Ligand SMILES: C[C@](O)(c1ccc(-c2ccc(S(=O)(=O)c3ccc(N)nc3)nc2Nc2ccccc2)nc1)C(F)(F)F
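Next up: just one chain, as structure tokens, the form solved without the named molecule.
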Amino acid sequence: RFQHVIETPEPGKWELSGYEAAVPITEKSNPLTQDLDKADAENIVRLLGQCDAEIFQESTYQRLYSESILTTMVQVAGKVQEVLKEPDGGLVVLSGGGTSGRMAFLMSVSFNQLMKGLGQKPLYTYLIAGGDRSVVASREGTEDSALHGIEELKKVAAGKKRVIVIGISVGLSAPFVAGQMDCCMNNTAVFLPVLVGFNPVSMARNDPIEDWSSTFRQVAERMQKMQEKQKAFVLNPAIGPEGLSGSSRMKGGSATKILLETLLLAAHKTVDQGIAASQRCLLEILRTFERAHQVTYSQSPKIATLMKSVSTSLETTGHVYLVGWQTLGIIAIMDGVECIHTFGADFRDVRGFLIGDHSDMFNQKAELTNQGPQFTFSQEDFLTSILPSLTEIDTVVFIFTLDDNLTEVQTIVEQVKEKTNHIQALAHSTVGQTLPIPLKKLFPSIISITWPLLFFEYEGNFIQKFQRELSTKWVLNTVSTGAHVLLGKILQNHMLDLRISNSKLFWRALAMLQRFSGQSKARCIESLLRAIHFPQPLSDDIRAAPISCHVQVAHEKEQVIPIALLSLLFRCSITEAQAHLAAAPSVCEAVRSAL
């Protein structure tokens, strides 16, 4: 079970260790954010803003702007336009787990809307590990099954003649995706698999998948072989490590969004305008999203101020609601849910809501209908369940554009204001538009983001929408990450308060123990398993159990890493470690005092 785990390097021998060389780029500590844990709000914005800018940064080897990556994007666009040209029996599937799965969902929503707007039959669908509940709730463990991935692909592809499958896994990690890519390669007469991730192939996970005979790396290596025959594609740009180690939702999610929107827009442009995809045109679009970073981060003071407000509500046991209009609602939903595993947040802490029509977005909306408070997301959910329960300690962030129903925005804001003064808005506008006077009065310090009109004949309106979603993503992700960082929920730039919700998170938790204690792999495994299973003592059956067993027990538990870490550092029992942790003001300070 633990064979792939490398021994902890000896004290002082970390620098050039085989241990450090094997850490995937997606899991690496960013050298610029080692001080993230103790940074103030303004400094967190600068650190996270710098990291977000890194996805665009042109060694030029395998970067997003590299000739190699742009050529792969051109080839994939070529394959997609072949399907768009033949809608009968054609299908474009986007798939993933967690944020990658929610990005697949968003991509399908956006591109089916583009197609509907042009009077064409929609050809996109999404597959998310765990089904529709995973779009709005933390169900990370569902991606650990390759068979689940294959079954969901077989269902949507039934009766189709040509299926493009874009498998999204930032760390080249998700078994759900690996299974799909492998089965696509077994039938190239029907399927064209495209693997999207942000690690070199040699850094893809090589640990065993519980229900599959191939590892992610073996599948990715087979994809490299099929790429020589143009029967598969590996689209893996280099973006560098995340500001918060392994926080794939940030840079990884942003790079997934821009990469896929750019190449898919190019495929649609080929069919509609007759202009084939090119490195030059892909760069023009990508650089528009690069300009969006400068536009967004020019609001750094207000982002920092909002982060403080959100952190205050959380610290007081209040809740934070991100209320977004149309697709900005999807971005809002994606933000809150990630706080659960990342910082050990309760599902009630940060929740996103979509205001507007969501009727043609979900595959199986019945999976969400009256399922419980962990699954709220809609306009009806916000107005009927959240709004009447709002208190003075809660924060509500409103995200909209000046093309939204501003009477409806004003009405909802006023209703919320009766319950709490902790209101703020992120409003996107086109140069020339001004916020109505009642809204300026309700939001005297509004985060106003003004966008020049884009004159791209075909892509103009789509990029306008996409950049506003991306801008919203950066603001909300910096605010939610920062708000939890300010509460001492991280250590250096590592997720100390992480929930072990899937196998990738289990390995990240083990690596963190080895990193922070410097103790042997056997000692770190023993302490991690003891902390997960407590009060159940460790037995040989538990030590030999599959990782899924540890995940199932660990997923609803809080502070597993600091408990396991304090147990290693003090050579104490779990109860003694729990006492040490309870006496401290934060999880960051408890461990810092022990170190």
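Numbering starts at 1 and follows the sequence shown.
One more form of this protein should be noted, the form deposited with the named molecule bound, which is absent from this view; the next part is about it.
- Out of the listed residues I164, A511, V409, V396, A511 is the one that sits within 4.5 Å of the named molecule in the deposited complex by at least one heavy atom.
- Only one of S110, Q81, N199, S254 comes within 4.5 Å of the named molecule in the deposited complex through a heavy atom, and that residue is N199.
- Heavy atoms within 4.5 Å of the named molecule in the deposited complex are found in one stretch of 292-300, 268-276, 156-164, 502-510, which is 502-510.
- Interface residue remark: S173 is counted as part of the site for the named molecule in the deposited complex, having a heavy atom within 4.5 Å.
- Contact check for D207: a heavy atom falls within 4.5 Å of the named molecule in the deposited complex.
- The closest heavy atom approach of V23 to the named molecule in the deposited complex falls within 4.5 Å.
- Using a 4.5 Å cutoff between non-hydrogen atoms, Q559 does not count as a contact of the named molecule in the deposited complex.
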